[PDB]
Structure formats: structure tokens, C-alpha cells
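For reference, the structure is listed below as C-alpha cells.
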There are 6 protein chains.
Amino acid sequence: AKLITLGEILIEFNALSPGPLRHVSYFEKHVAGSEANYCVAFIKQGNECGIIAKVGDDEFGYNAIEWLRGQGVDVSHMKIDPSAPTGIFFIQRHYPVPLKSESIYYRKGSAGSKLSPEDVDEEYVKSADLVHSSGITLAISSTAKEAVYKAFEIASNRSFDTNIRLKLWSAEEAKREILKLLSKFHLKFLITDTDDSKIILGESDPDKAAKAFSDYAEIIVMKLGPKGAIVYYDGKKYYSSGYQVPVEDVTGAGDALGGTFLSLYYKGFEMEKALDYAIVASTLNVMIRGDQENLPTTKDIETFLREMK
Amino acid sequence: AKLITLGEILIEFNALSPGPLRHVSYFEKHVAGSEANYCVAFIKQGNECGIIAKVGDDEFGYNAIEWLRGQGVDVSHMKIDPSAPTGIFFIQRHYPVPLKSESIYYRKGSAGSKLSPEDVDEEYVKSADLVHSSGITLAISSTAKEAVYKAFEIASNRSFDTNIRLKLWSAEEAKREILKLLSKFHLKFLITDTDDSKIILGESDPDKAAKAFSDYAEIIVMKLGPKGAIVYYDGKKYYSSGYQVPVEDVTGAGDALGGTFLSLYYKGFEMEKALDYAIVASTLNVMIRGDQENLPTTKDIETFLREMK
Amino acid sequence: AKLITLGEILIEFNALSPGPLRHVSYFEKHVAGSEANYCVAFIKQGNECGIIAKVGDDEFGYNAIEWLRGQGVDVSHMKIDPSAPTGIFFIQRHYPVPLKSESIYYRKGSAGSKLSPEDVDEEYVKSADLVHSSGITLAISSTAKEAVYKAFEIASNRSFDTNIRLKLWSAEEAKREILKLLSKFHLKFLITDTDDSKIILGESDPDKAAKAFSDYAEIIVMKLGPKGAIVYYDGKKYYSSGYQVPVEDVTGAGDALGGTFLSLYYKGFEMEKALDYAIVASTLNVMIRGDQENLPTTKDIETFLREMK
Amino acid sequence: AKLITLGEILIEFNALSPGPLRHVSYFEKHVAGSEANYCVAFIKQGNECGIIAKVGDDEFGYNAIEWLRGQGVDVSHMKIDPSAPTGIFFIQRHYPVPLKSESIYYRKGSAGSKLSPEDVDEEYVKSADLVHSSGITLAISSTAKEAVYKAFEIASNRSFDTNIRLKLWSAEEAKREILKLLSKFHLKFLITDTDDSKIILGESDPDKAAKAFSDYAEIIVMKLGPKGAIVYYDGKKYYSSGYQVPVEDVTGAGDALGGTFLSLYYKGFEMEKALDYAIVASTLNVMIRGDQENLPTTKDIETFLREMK
Amino acid sequence: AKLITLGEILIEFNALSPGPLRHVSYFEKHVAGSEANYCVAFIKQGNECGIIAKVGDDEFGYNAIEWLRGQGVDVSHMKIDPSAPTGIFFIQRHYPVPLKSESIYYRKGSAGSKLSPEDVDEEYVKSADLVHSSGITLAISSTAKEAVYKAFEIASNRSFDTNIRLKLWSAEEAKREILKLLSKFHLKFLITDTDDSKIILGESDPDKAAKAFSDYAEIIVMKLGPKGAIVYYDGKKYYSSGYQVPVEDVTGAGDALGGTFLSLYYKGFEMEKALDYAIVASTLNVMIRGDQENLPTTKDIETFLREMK
Amino acid sequence: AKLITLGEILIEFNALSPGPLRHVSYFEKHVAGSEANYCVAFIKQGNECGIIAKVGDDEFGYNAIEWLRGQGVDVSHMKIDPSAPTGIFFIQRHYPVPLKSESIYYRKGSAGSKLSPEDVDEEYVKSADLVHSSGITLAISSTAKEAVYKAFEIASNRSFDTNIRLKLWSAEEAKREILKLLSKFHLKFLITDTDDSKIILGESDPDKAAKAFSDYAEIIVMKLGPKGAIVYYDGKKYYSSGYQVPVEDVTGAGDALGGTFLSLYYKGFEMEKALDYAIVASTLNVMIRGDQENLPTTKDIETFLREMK
């Protein structure tokens, strides 16, 4: 299968030590951004992927292209805006909450945020089995939001990560926009969590929220963080629990869940097995800085699973 | 409220890896000393603080001054001494006991040890609401010990952290010297732990030690380790339990606890909350190399508590 | 002497290796920004200084206050904007030009640039012997350019570093605005260079630009970069040559010069001995990453001269 | 008491970060190899040790010699082969299986594989109390295997560590060759585990495998990795359990246990106390990169033990 | 234009610090190998390239593929061998000769050494403006040498860098094979240096060596280390000097000259602009660890040139 | 031959970056100390050596022993002291003077300073062809001074590096003591420099000072830093110039020359050659942090000499 994703790629500056940023002296660079992550997770399971995105005529942008290309992502459909810098973020790890991570953005008016419909090729999208985006991409700009609308009307199959970031728009904003998005545009996949449901429908509880989402999506994945995840499908529910593992950095783990789950689905795996394998991509992510350098491979996941009894 | 502490500021050279020091290659520098940790912990709750301390006319002395200034500490009452070096110590982490840390001192005849009564100024000393010192200060030199006597016979309110180090003096001597101190000055706060209590009283039971201690101290803090703390005020007893958190280096945590506790008391939190809040501080502290770089603001503490329900 | 400078404190992520950032993995954090570097250069020669600046209500904002309070700079008239972030930048080093350094700005619409006339309280300002700002301050925004206009009109005595950054505005914008500033407001001190001089006047000979500028300034410093500096006062001319010294990061170094020089003037120093010294401060800057960590004490500059014979 | 071992020493290149080697940019160097490791654990309990091994005439070889010689190991019977390089390997830690490390060998044709009977002097071996080797030595090459044969026909007492490595030879081969070696050559000591027991004996039960092994060996030690170990000797059996501790790098833990155990037996420890003690050498190992730098002294082990009641 | 090179890609382990490897604890990983370097430097000038090589089916192998695909190199024609590992080497720097670097190999029977005629295919090679290889490829093994021969007899025009490595073969072994290969096959380009010329022809002086070599090739590039390079397009003779510049790691330097030079030729550049441009690429290289991270694009060479006035 | 040195080993903590120690974050552990340096330089040429020194019963002392054992130094005649800690010092680099390095001591009352006569043994000391030491050993205490004097009465051939250190004793003190030491004990070798001659003789001219020194030493070595050194023997003066070379850390370089020059003498080398080689030892040293790790071998020195044409 072919997955196409659209959204803003980001250069990440990962705090080399935990604690408040004002006391961190070193930052380690990684290529990230949810949709970029989804891509790599997807390819790593044996499939094919592209990204529609804009980066700057800057080292950071050219860094994003080389990195993705190496990973094997089709990038020929990306754009280089010369009037805008690539958007970047900084991760503060384990402070003020242990085990947790916080992102500090420099992306307003980024080249990523200038992703517009004119960048979305009609013939190209029409070739993907799956067109995927997220609440981040809705949030960043109205050009980008329209971009997601264009690629969704063209689509045939759609997947969405609600992926609400309150630093990017009010609970309020996020609610109507996601709700709006789901009026038109029925979804093949819908990836979310307890929190986004608390926003979108004010409904903290998993199976409830899932029943409220399921007129708009065939499959729902509840990310549950440390405790794992739940897949809802065919009027059935399967919970797949967590593993206990050193936590270096939580950022990227949601994507590792999603990208991997989508890809193994398209490799034929029964839903229980797909979520299960993806839970291991998630567990592996948690234990390094970098959203993408720990993403495993169907062989790697299997290894992980065999030696865990 | 204004706090005034007297003691030795030290420069810390923290093993960049666990293991016996003869195979550690890299050392990371931090500013510390229990009283200085107290200071910053304290100001991180919006009260004021100063320190009476001597450092050398050397780069490390100035490190100490720059760091603490940065932090908003009152350093204008510090002494610079051309005749002696600033005190330093190395930290051997997690070897030969996992979780534990060990100090290796190079402080004999330091600038800090030549802290004397002529340094403690009566007009500065009255004008604190709290004057605080520790057993390390009673131990490092007879002039420093005389300094604590002077500062206490002016103070009106006092706080002493027993803080016994068998590397600086015998269990025996320390009992004798702490009992003598407690004899001649009544305390508003006593901060200690199960270990110092066995050394002073023959009692390791917090409740039983708290009874023996309470003739000399109005509020008592029984640091219980990873198990947490218990405060004893006006007949009541309140145990507040610890947290499981990765441990990088405990050096510092005790002080983070004491200093936050004292500050939140002046801010107006009832004892139970003050202890709760102090535990998070000591809890966070443990997770990094360095005694002060991790100390939480009152807001930062609340973020911790909310995200733990 | 008191100096008050009016500017944007930036946060610096210095590339740990030379080369295009896209292949540089580690960035090292520093507090910087022209006016910031002038303050601490000024203080190190035993004079006093303060800064009018706006920061974000974020980890970097506090980074800059902590650092500068740390260095003895008055930070009690810095403002905090809860609505915009602290301005940052990256340095690319020796690529594609040996010895040279590039700044990559994430500072459009930062807190730092919301610096406004309303942040310049006159009671504080007329307390200064000398009010300094730069072209950086003019270029960043209108509101910040106006803050210079205000401050400069309360100011009895005035200092200006042209410090034209072509990434921030166009050569013609520079030329109009620096001229327009120099129309109102006469200057005790003008700091600039050959290249800024071509952009401004059309004159790149040190003397001819000097003579043309000597209408608007009592004392003029021409930064020559590697070859040193020249000073022009009272129809005299003095050239002090630079030092051959290994280059790590050239950024910070003109600031090292002007700040040192300004301070030495106020100490009683010959104009020529004040330049000689400021030169050494300049050359020391170039050997490390970070604009400020290498700024010399007067006694320190004296050791350098003594040792060079 | 003199221990002589016979094996290949390897230079270790340990990943500085978990994760697949293809996204790891730094490797930390250490001296290791099973018998080298045994050597140090043996000496750290206050007995003497020598090693018969062959290194390249290169930087890595001299690295082996220098390190061991600093440790106190007799290196006067090592060999420097100029036509083959010192063998090395890479450790990938925690990927794709958490808490586990994987060795990636670059050792075929190495100086270390060119160990031969000509390299083992009869007068040397004769004055050892214990001659020890492993199935690694046995598996690297014919010449190295043959050396173990020459040594063991000289040795009055023998020790052996099954240490099966599947990347070095097939399970069937390992089974044949270790069986061949245990019939002829009665062992004072067999160090092994549950995994090797399965390969050699069909049996994975510790009790039934020990039973199967007692025809060959007087004392038997069953490593249980994290669960502790069992020692079997004259009808007795004794299980000593393990410790919950952070895991940096599990490689080398096994040698730490066998070597500490052998050494304390000659210090006249009772078998139960010897294992108890050795489990702590094992557990300390796990906590760092490096097979040898953590190796506890008898004193250090007692500290660990006393500070755990 | 389309370039196809063939030979061994390597993973390079750069000593993080100068000095003998025995005393260096950290190693930086880079992707290297001559023909791989040429590849990137080439595509950098806006041309197309491919590489025929065989890597291990291991982490180090995919590290290679991922890197080179990222750089834009066509990798679809690379082969993966599971019976052998990817070749690697370590770089010792500035010891015992300053400014020089020393490569220590572990490549024997590597998967790259198992390049064979069967891997190079007619169609791919017949569709290429230049086929390039090197003496390292002739020297790693016969199947590899055989590979060059197959590829040369298909190639329109051929390019070859003598690149004599003495750790790989003897002097007389080099002389015979380069001459043997040059006796069949007219090269379009012959890149070599003074040293290699004394081995192949007898002749230390470049002017005599190029005359000697005009009996085999159209254009001859004489690398002259830091003195620069000479290019002999016959009749004429273009020397371009080097640039004094801090030297981190000289390895990769000559490759950078080679690859940049051949590319700019294919873009219309008069011989002397090409060597000048190629010199800056070679001189930018010398100044980082890594053979390919500093390879400049054409604009980047131009910037270097505008700014050196 | 055999060299016995008599002095203080010290652990050295080398600033990982240049600049004032108060802004440096990391230190790199190194084993150092003048006499210990001489030993390793000496052994590098193929001679024996031992050190008579005293260290603490600590990690750091044990660090000193292990390291020197590895290097091949006879340490059987060292002592360990329960009452005192191993001396240590810090290096500050290139600040405030480029190229130069400053040492910051923590050595008063160190185990090392408690070196005394009874530690120097007669049979041991007369099994050497040369007995060596320095001003550092004379300054550190009465007892170590005393011990030099006893080594020297025992010895027939003796060596003295004047090695004046002004943070250790006043100038008038060094003159007095060095001169009263030369007042008995004619010496085989006097190793000094130009500075040490202003202090001791009042004489900065190498020729004039060697003539003043000639009635006290058969052979005189005058170190010229980067200029080189002069050896004075049998009425002949040979000047040997130095090399341009990146400077990282000068400390260690004097000893590299001394130790290397001594060793080669005993190795038979013609004097000029012996001093030629010493220069390269002393010139390699300077380009790394760490007094010992760069110490060249004879073969290594000749590689330097060959590959400088």
C-alpha cells in the first residue's frame, strides 16, 4: 500500500539533560513532526509513503529532506518556500513532571505553515491508498487547514490523528474544527486519546468516546500512554497493554503507535496483532531522544516479542 | 519573609557516570553546599534569602557568587578570602551501593572553613525572620561553629538541620556538639532524619525521636528517605509518602526538602501541604546531577501535583 | 559610571562542530544579543550597568535574567511579556567560510521585539551616565526603534553601535534610519566599521567615514575586525593592531570591544590605552563559543599585556 | 592463589545511546573478553591472576596489555602477533529488546584467534592453582581450542565457563565440543546457565542439568541472569537471589560472578557466602558500560551488603 | 551528467580526540570510502551519480544505504550480502604526525570485498557519462578488481584514482595492477598524487609523471596535498594553491577534490575554475571529522570565494 | 638503564574548554605530576623506571597506581597513606593568556606532600643509573625536600628539573633552596629554562646562565618553549628549534622533553639527536589535554622525523 501524509515537518532540539531548559546546556537535533513520524513508521513495516510539506530554503529544511529521503520517504512532492524559515521546537524532558516531556515552539509563520492547496497535486494524492493528516495540520494555519480539506475531498481513504496541542489553539478552536472536519470526510482510521475526547466531546471515557466517534470512522485507536492502547472496530473492542521500560523521551511515541498500526494493517495483520506490534514501536520510542531513530521494523518487533516470553 | 543561612558553599564535581571514581573520566561542575541549596530552594517560593559564607579569591569562589546572585540570593554579606581556596568535593555516584551517592572532600582549611563570628554581623542577623544553619557548619571548623553560636544568640528564630557527616567528625562528637547546641538555643525548626536521630538519641524510631527532640524544637521534620517525611507540630504527626522516580543523584534532595518546607511555611501553607510540597521538591532533585538546577518554583510544584491527581 | 543599554537579549545555540547545521548534531546554549554583551563587558571593568529589554515568560526568558543578574547587571527594569516568546538564534561556524560565523534568527515578533516606549521609565534612564543602543534595536521593530527614540531624548549622554544586520533589514533601510536617528540626537560615542560605513555613507575609508561622522559624534570607533580598531577624537587618530589568535567563534567580539572601551573611558583611561585594552577583550572573545563567558576583567587584560611583553 | 586463564581479549565499542547502531553516532571504548574479565574479578578479591592471550601489534593490542597490566594481571605471558589485528566488537544496547545488549563481532582471523599450544608454557601453567577457560576460546579457532587442550592436560585443577555464543558456532557444534571437553578433563568448577544447559544437555531445569553435569564437575554454578544463581556442590544446593537495579549494560555480568566466585573460594569463603558475594559483582556490573570498571573489591561488596542489611 | 562509481563503502569510526588510539575513549561514526565520497561531491555540483557496492546485511550496512540515499545518490543498484559484514575502519588523528591521519582497517573478506562481476550490470553501466573507480577497488580482492574490468570495458569514458593504500597491498603489487589496468583502457581522467606516481612510474616530480601518464589519459589531476593540485589538460598546465586552515581530519580530502573536479568539468567549467572550485571543496573538508558532511554545493563554493574578497 | 624519580603524583582535572574556570562545566581526569611524567617519557624509549611517591588510600591514589602500572612503571616502591588524600589540581587553559595554561592546586597536606626520607630506600635507589627530581618536590614540604636530599646522597648520578612553581613557594624561597641543593650534589643533568634562570641566577640569557650553572652540572638543558631548547655539554652548545603546531594544552611539555632526552641519552643516542627527538616528544604533547597520553615512542618520533622530510 501507499500512504501519503500532509503536515509541517519540524527540526527538534532535544534537551540533552532533564530539568528546566534555563539550566540545560546542550540540545541534540533530530528530524520530527507527527506526519513525518507517521511516514517513517509506515515505511519501516514494508510499505510505501510520501509527504506533502513545505520547508524553508534553510539548512533545517534541507536537513529534513536528506533525512527523510534516506529513510526512503518519497519527498519529490515537497516544496521549498524561500521566504520563510523551517519550523523548529525544543523538548524539555522530565521537568516539572517526571516521565513526561514538553514542547516549546518556534513555528508561527514557518515555511511549514505556508502549506496551501496549490501544493496539493490532484493526480498524486489520487494514487495513495491512504491520505493522512492531523489536528496539528489543522491548527498551524488556515492555508494548511484548507490543504487538508483539498487532500480529503480527493482521497478515497482517510486517516486522522486528532493530535490536539493546546499551545496551538483553544480547546474551543480545536473542538469545532475537528467536529467540522468530520461532517464532510468520513474516516477509515481515527487516532486519538482520552484527552482529545475530553476536548472534542467532553468525554474522558474510552469506549464511550469511541461509540460517539464511530459514525465518522471505521477504526478508532485510543492511545493511552504508559498503560498502552485500545482498538475499536467491527463493533468490537481490544485492549493491548503497556510495557515497563526506561523513559528517555515520550515525544514521538504516539506517531510510532499510529504509523506502525496503519502499515501492518495494510500488510494484512489482524487488528489485535497490529495494535500489539505497534505498542512495541511505541515502547521502543520512549527510550531515546529522537522521534524517528528508534522506530522498529517488522523483524525488530518480532525479536522484541519473542524474547519477552 | 527573609531567611539567613550560615555555612560553607562548595563547588561540586559530579561523576559524569556511575562507578568507582578511579574509572570515571568526566566531571560536571555545580555550585552547592547544604545552606546554599536551602537558600535557593527557599527563594523559589517567593520569599527572600541571604547567606553568610567565605569563598576564596579564586575562579570557584566567583562561580559561587555568580551562580547564587543569578538565583536571586543575597550574596552581599559574603566574604572573599585571599589566603585560602574555595571548598570543593567530588561525587561518586551509585557505587558500591546503587541509588546512594558519596562525597569525597577537599575542604580542609578552605576559605569556607575560616567562616568566623567576625563575619556574622548582628544588624544583618536581626532582620531575618529565620536564621538557619546545620551540623556541617558546626563540624567544619571551630570558628564556623563559633559563628553559629553568635548568629543564634541574636536570632530570635532559628532553624537547624542536623545534617551529620561522619567524614567530618565522629558519630560521638557530633552527638555531643548537637546536644550542646540544642541545649543553649531553642529552635523553631529542627530538620533531621532517622539516621541522625539514632546518632543523637539512641532512638531510630521517628515518633520516639520526635518526642525526645520536641523539648528543644517547635516544628520537627523527620526526613524518611525515599519513604518520604513526617512533620511533628503541636502534638500532631503527619507522614507524607515518597515517590518512585529514576535516581540520578540524591546529593541535594534533603536540602531541597528543608528549604521548600521552610519557605512554604512563611508563605502560609499549613504544615501538611508544606511537607507535601517539599517532598515533590526533594523528589525532583534526585533525578539529575546537581543540587540546585532542578529545584521547583511553587507553580512548578503545583503542575507536578495536578498531573498526579 | 552607570551604563544603561536598550536592546534584545537573545538566546544562542552555538553549533558544537563547524559545518552546515544540517549535519551538526549538538548545539550549546548561551545568553547573548549585542546590548547584553555590552553590559557585561562594561561591568567587568568595575563600572555599573543596567538593561532595558523585554523577555518571554518562558524558560529562555528566565535564562537571560538569571544569567545577567548573575553577572551583576541590573535586571529590575527588564519586562516580561506573557504573550510572545524569547528570541533565539543559531550560529553556523566556519562553513562555508573559514573563521566566519552566521546567525540564523528565530526572532520575528518575539517578546524581545515588543520592546516599547512604555518600558522606558525616565526616572531609571536619567540615572545613567550613558545610554547605549544599536542598529539591531532599530531594525527589530517600530516599537523598539521608538524605545531608542524615547530613551535617547531623555538621555543627556548617548552611545550608538551601528551594528547593521542585513538579514534584519535592507542596506537602504539601514541608511535612511541610522541617518534619521543621527539627525535628532548627537553622540558622545559612535561605534561602527568600514562595512557599515559603506552601507551608511558610501565611504569605506576609515578617516573619510570618520570625518563625515565627526559631525555627529565626539568619539568614534572604527572596528576593523582582524586588523584591530581605530579611534577618532579631538582631531586625533589612533590605530591599535589586532592579535594572531586561533578562532572558535567571532560573534560577540565587536561588542567585547565597544563595551570594554566605553567602561575604560569612565575609569580615567587614555583613549589609546582604552582602545589597546578593548582590543585584547575583543581578541580573547574569538577563542571560545559564547559572547560573554570570555569577557575580561581589567586586571585580566593587564596579565595579557604583561605576558605579550 | 594463582589463576591462569586462556582466551581472547577484545576491545569493546559500546554504543553511547540505546538504539539500532545505524542511528548511533558515538562509541565508548573498553577492554573486555570473558577471561580478561574473569582475571580482574579474581584479582579484585586479593588473589593473583595471569592470562595467556594473543594481541595484534597495533593500538588495540597495546590497549589490552596496558589496561590489564594496570589492573594487576600478569601479562608477561601474552603474545604480540604482527600479522593479525586485535579482535574487536560492537555492543548495541536495548534494541530491539530492552534491557539486553547484542555483540557485533569483527574478530575472524584475529591475533586472538591465533592463540596456539606453542603459546602456552608448561612451567607457567604448572604454578597455577586454577586454570580457567571458556567455550568462547573453544569456538574462535582450531589453534585456540587446542591451547585449551594443552593447558588442561597440564592443569592439576580446571575451571570452565560454557559461555555458548551462537554467532561464533552452531548449537550442535557447541554441544559436541563442550561435551568432548568435559569427558576427559574433570572440572573443579563449571560455570554455566539455563540456556547453555538446554544446548548441551537437553535439560533447561537447573537441578536436572546440574545433576547431568556432576559427572564432570565438583562445584557447579548456574547463572540465572536476573534471578540470582544456584551453586551445586557435594549433595548441597543453594540458591542466591538477585537485585532490582538500573540496567546500562548487562554484558560482562556473568564473568563478574564466576571470577568473584572463584576468587573468594580461595580466600576460604564458604560456598554460600561466596555466591552471595559474587551476585553483587554481577549486579554492580549491569549498571555501567564496561565489563571491568565496576568490578567490586571484597570491601566494596561488604559495603553494598551491610548497607542492604 | 551521470556518474557511476564502484568500490567499497565503509563505516568510519573517527577518534573524537587526537592522539594514539590506545588512549582515545570516544569514536564518532561517519559513512565514508573513496568512491562514496566522489559520489556525493559529484551530485553536489548538480549532477547525477550512482554507486555499485555490496554492504553487509547488518546495521552498518543499512547505515551506508540510508546515508547515501539521503545525499541523493542512486542506491537501487547496490547489493546486500548476508554472509559477510560491512567493512569499517578507525581514524587515528595527528599522531604521531601532526595534520596527518591514519586509517586502521577491519575490512578483510568484508561484504564490500565481495564485489564481483555479477553485481555490475551492462545496462546500468552503459547509461552513464563516466564510470569511475580507484586502486582501493583493484586492491581489496580479485572479485572486486574483476568488477572494475567488467565495468571499464562497458564504459564510454573512464575515470580512475590510483589511491594507493599500502596497508592493503604492497608497492609492487600496486605498480603491476594499475599499469595492467591502464594498459587495457584509456582513461578520460586520471587522478593521483606525487606519492603514488613514484610507486607506479618511478617518477617523484608531477611534471614528468604526467608526461609519463599522458601515455594513458586525457586529463590528469595531480593532488598536491596542502600545496594544492595541478591539472594537465594536454599542452597546458594549471596549478591552484591551497588555503591555510585549521585541520581536524584530512581524510576524505583528496576524494573531495576528485569528485568536485569531475562534476564541474561536466558542467562547462574551464579546467582552471574547476580545480579552483575543487580546491575549496578539498580545503573545506580537512576541517571536520567526516568525509562527506562538509562537501560543499556549488553556491557554497561560490560563497567561500566571494567572501575571501 | 633504570630511572628512579622521587616526587608527587597528582590527579589532574583538565578544563574541557578554554576560558575562566568559573564558566567551564566539564573536566577530564588525567594522571599527571612532573616526576611521573618523566617516568613515562623515559620508559617510552625502552628504558626501565620507577617512582618513589606517596598517594592516599583513595580512588584517586589507586587511580595513580593503576595508570602507572599499565604504562610499565615500577610502582612497587610507592606508599599509600591512610591519613591524607591524593593531591589534585585543575587546569585552566588559554585564559587570560592564549596558548598558555594555569594550574590550580588542591595539594596542601596531601599524601604526596608526606613523602619522606624513610620512603627512599638505599638498595632500591642504587639499582638505577639515574636519580631524578624537581623544584616541585623541594617546595611541597620539609619531608619531601628531605627525601630528595636522601635520594641524592645515595645516588652517584643525579638529575634535577628546576621546575619552579610560584604558587608553591616564593621566588626568594626557590632561589635559596635550589641553590643550597646544588651547593652539595654536583649533578649529571640540570634541566631548567629561561624563567627559572631569572629567578635563581638573576639571568635570563640561556648562554650566560648555563655558564653560571656549569660548575654544578655536567649537562645542562635550557628549555625555550616554542623556540626549542639548548643542550650544553663538553664546552659545546647545540640549539634545536621547535615546530609550529596546534596548541591545546602546554602542560606536560617540559616533562616530555626532559624524560625523553634523559632516556635516549641512556639509550646511547648522540646528544644532538637525543635533543632533536626530545623536541618532538615535547611538541606532540602540547596538542592534547593530558600530560602522558601523547607521549611518543622512539619509533613514533622517527615517523614524525621521516614525515617532515
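A note on labels: chains of the C-alpha cells are A, B, ... as shown, every chain counts residues from 1, and ligands are counted from 1 in their shown order.
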
- request: Kindly determine which residues of chain E lie within 6 Å of chain D, considering only C-alpha atoms, and give the answer as a ChimeraX atom specification.
  value: /E:21-22,25-29,59-60,63

message: Can you tell me, as a VMD selection string, which residues in stretch 254-304 of chain B count as alpha helix (DSSP H) by DSSP?
response: chain B and resid 254 to 267 271 to 285 298 to 304

query: If we count only C-alpha atoms, what is near stretch 151-160 of chain F at a cut-off of 6 Å, once residues fewer than 3 positions away on the same chain are taken out, given as a PyMOL selection string?
result: chain F and resi 130-134+148+187-191

statement: Students should find that atom CA of residue E:90 and atom CA of residue D:255 are spaced 28.3 Å

- prompt: Can you list, as a PyMOL selection string, every residue of stretch 4-194 of chain A that DSSP puts in strand (DSSP E or B)?
  reply: chain A and resi 4-6+10-15+26-32+48-52+54-56+74+79-81+88-93+101-106+130-134+158-161+187-193

message: List the spatial neighbours of residue A:287 as a VMD selection string - criterion: any atom at most 8 Å away, only C-alpha atoms, same-chain residues fewer than 5 positions off excluded.
response: (chain A and resid 245 to 250) or (chain D and resid 18)

Neighbouring residues of stretch 231-236 of chain E were defined as those with any atom within 6 Å, considering only C-alpha atoms; residues of the same chain fewer than 3 positions away were excluded. Please report them as a PDB file with N, CA and C atoms, in the first residue's frame.
ATOM      1  N   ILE E 219      42.931  13.791 -19.338  1.00  0.00           N
ATOM      2  CA  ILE E 219      43.106  14.817 -18.317  1.00  0.00           C
ATOM      3  C   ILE E 219      43.688  14.188 -17.049  1.00  0.00           C
ATOM      4  N   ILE E 220      44.732  14.775 -16.465  1.00  0.00           N
ATOM      5  CA  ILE E 220      45.352  14.200 -15.264  1.00  0.00           C
ATOM      6  C   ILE E 220      45.342  15.146 -14.073  1.00  0.00           C
ATOM      7  N   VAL E 221      44.684  14.758 -12.990  1.00  0.00           N
ATOM      8  CA  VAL E 221      44.623  15.581 -11.796  1.00  0.00           C
ATOM      9  C   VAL E 221      45.655  15.096 -10.784  1.00  0.00           C
TER      10      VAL E 221
END

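Between atom CA of residue A:223 and atom CA of residue A:257 the separation is 8.0 Å.
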
- line: Of B:264, B:144, B:73, B:91, the one nearest to residue B:118 when counting only C-alpha atoms is B:144

d(atom CA of residue C:11, atom CA of residue C:266) in Å: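 One can read the atom CA of residue C:11 to atom CA of residue C:266 distance as 29.2 Å.
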
message: Residues near residue B:114, anyone? I mean within 9 Å using only C-alpha atoms, not counting same-chain ones fewer than 2 positions away, as a PyMOL selection string.
response: chain B and resi 54+81+84+109-112+116+140-144

- prompt: Quick one: of F:210, F:181, F:253, F:262, who's nearest to residue F:5, counting only C-alpha atoms?
  reply: F:262

field: Neighbour list for residue D:239 as number ranges by chain, cut-off 10 Å, only C-alpha atoms, skip fewer than 3 positions in-chain
entry: D: 221-222, 224, 227-232, 242, 272, 275-276
